[PDB]
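Enquirer: From the sequence below, what's the structure:
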Amino acid sequence: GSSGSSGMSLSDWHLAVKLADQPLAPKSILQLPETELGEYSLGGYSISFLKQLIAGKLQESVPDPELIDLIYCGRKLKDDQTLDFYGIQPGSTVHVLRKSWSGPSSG
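Expert: Residues are numbered from 1 along each chain as shown. There you are, the coordinates:
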């Protein structure tokens, strides 16, 4: 199998991502991968994970998943919480917030 393993699959669970820095920018759709568990309400995922997925899609603006954060329901989400803990559902929209500026002040 020289070719290898190529060709991701489409997931059911979907989520909306909005750039807090740009409230005018169009909302993006983030489709998280499947888990060893069934399909029923995830209720187990950890915010930390999301902070990565989103940061990976918004790489256009977001520098890194560690230099950013996730905001939901008007409140930040720690990496010690779960989707069920907050009550997040497949359809809501979260907002990304940058911890600080790169460094070289400009515009």
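Enquirer: So which residues of the protein form helices?
Expert: Applying DSSP state H to the chain gives helices spanning 47-57, 83-86.
Enquirer: all strands of this structure, in order?
Expert: Counting by DSSP state E, the segments of the chain that form strands are 15-19, 28-30, 68-72, 75-76, 93-98.
Enquirer: coming back round to it: any chance of the helices of the chain in a markdown table, with mean neighbour count and distance to residue 2 too?
Expert: Just so you know, the C-beta spots here come from the backbone N, C-alpha and C atoms, and that holds for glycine as well. Shown next, in a markdown table, are those (neighbours: other CB atoms under 10 Å; distance: least, CB to CB, whole Å):
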| stretch | mean neighbour count | distance to residue 2 |
| --- | --- | --- |
| helix 47-57 | 18 | 28 |
| helix 83-86 | 16 | 40 |
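Enquirer: can you list those helices in CSV and add distance to residue 107?
Expert: Output for the helices of the chain, formatted as CSV (distance: least, CB to CB, whole Å):
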stretch, distance to residue 107
helix 47-57, 22
helix 83-86, 35
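Enquirer: Mind listing the residues bridging to the closest residue to residue 44 other than its chain neighbours?
Expert: Excluding the flanking residues, the one nearest residue 44 by CB to CB, 6 or more residues apart in numbering is residue 82, at 6.2 Å. Beta-bridge partners recorded for residue 82 (DSSP bridges): residue 46.
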